[PDB]
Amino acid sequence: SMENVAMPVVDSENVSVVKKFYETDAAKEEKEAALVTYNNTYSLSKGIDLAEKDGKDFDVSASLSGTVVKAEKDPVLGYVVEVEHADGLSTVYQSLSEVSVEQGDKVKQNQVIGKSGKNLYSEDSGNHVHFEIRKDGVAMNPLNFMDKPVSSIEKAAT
C-alpha cells in the first residue's frame, strides 16, 4: 500500500520483456507469442518474462514490500519466490538461478531477492525471470500495473 508497483529488477533499463501475459483478445500473433512451450505441451503465460540484451545474469528484486512466503528450487521452474503483500496481493518470481531470501524474510521494494536463470519450463525465454502479480491467487497482466499505485490493482474486477 502507498507504494507503486515496480519492475522486478535493479537495472530496469538493461532488460526487455521477452514474453507477455496471455490476453484472449490480442491478435493471433500476440497470443501465439504469449504461450509457454514445454514439450508438446503449451500453457498460457501468467506473467511477463524479462531478459537482458545478451541474456546475461541479472539481479531480480522485490517489486513491492512484503513477506516471503515461498522460496524453493523446483527442478522444472528453477528457484521460485513468492512475496506476500497487502490484501491478497502477492508477486511471483521464478526461473531464478539463485535466491537471496528464505521463507519468512520480510523484504522491501527493490531489495534484491535472486538472480535470473534459465529453466526447463520456458527454455524459449532463455536466461530470464518470470514475474507475476496475483490477487487472491489469480494472475493479472503485470504490464497493466507497472508504476501504478498499489490500489489501481484492487480496483479490478468491476
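Residue numbers here begin at 1 and follow the sequence given.
>> Test of understanding: from the entry's C-alpha B-factors, which stretch has the higher mean, 43-51 or 66-74?
In response: Per the PDB entry, the higher value belongs to 66-74.
> Between 28, 130, 106, 115, where does the Cα B-factor run highest in the record?
Replying inline: Across 28, 130, 106, 115, the entry lists the biggest C-alpha B-factor for 106.
> Among 120, 35, 99, 92, which residue carries the highest C-alpha B-factor recorded in the PDB entry?
Replying inline: Of the candidates given, the C-alpha B-factor peaks at 120.
>> Quick check for you: using the entry's CA B-factors within this chain, is residue 86 in the lowest, middle or highest third?
In response: It falls in the top third of the chain.
> Of the three thirds of its chain by CA temperature factor, lowest, middle or highest, which one includes residue 150?
Replying inline: Highest third, going by the recorded CA B-factors of the chain.
>> Is residue 13 in the lowest, middle or highest third of its chain when residues are ranked by C-alpha B-factor?
In response: As the PDB entry reports it, the C-alpha B-factor of residue 13 lands in the highest third of its chain.
> Where does residue 59 sit by CA temperature factor within its chain: lowest, middle or highest third?
Replying inline: Ranked within chain, residue 59 CA B lands in the lowest tercile.
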